[PDB]
């Protein structure tokens, strides 16, 4: 199958999908649409938003997929990255929920002029961000393995590292000297997944 992931030139909502396929060892075309080209591409995209995933089989079937974490969950499930048990499934989802909460704190700072971007950054870093990071640390501590849930890679591992990257975007040193579970998680995840480690080495700094 040809898998084409369509997004803007950034991590954003597409990163969960990219990382899932990378971790699973699945090849895909990573298509990045410039903001200038978006107006003409927009009508060709079912639903008119990105991420969109276009899957073509070798018998001409074209499957369109939207909603990033729905796609990632689908792909993760196909490749046994959503839990081995109902209990592991819950814990995978618990961490995705906690990480998405954090992602939505980070979203408040976006599309805002420098001025109030900084006021909002200070607000969330003094409030909900540390609250959510501790909660994430508690989830990680409760794992029976090296990773988020057990010893094998799940979607929770991937969702977590992408949102931490957004947190460090707001403040490079926010986790420095703190949240030992989150640091230890990223190192165990990179150790367990040479594919992901190489992927992360090869991208390709983006502002979002």
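Residue numbers count along the first chain shown, from 1.
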Inset, instruction - On mean C-alpha B-factor from the PDB entry, just flag whether 46 to 54 or 151 to 159 is the higher one. - result: 46 to 54
Inset, instruction - Look up the CA B-factors in the entry and say which stretch, 27 to 35 or 168 to 176, has the higher mean. - result: 27 to 35
Legend entry - Selection by C-alpha B-factor (highest) of 72, 136, 92, 111: 111
Legend entry - Identity of residue with top Cα B-factor, from 200, 14, 190, 22: 200
Inset, instruction - Place residue 66 in the lowest, middle or highest third of its chain's C-alpha B-factors, as listed in the PDB entry. - result: lowest
Inset, instruction - Pull the Cα B-factor of residue 101 out of the PDB entry and bin it into the chain's lowest, middle or highest third. - result: lowest
Inset, instruction - Looking at the entry's B-factor column for C-alpha atoms only, identify whether residue 130 ranks in the lowest, middle or highest third of its chain. - result: lowest
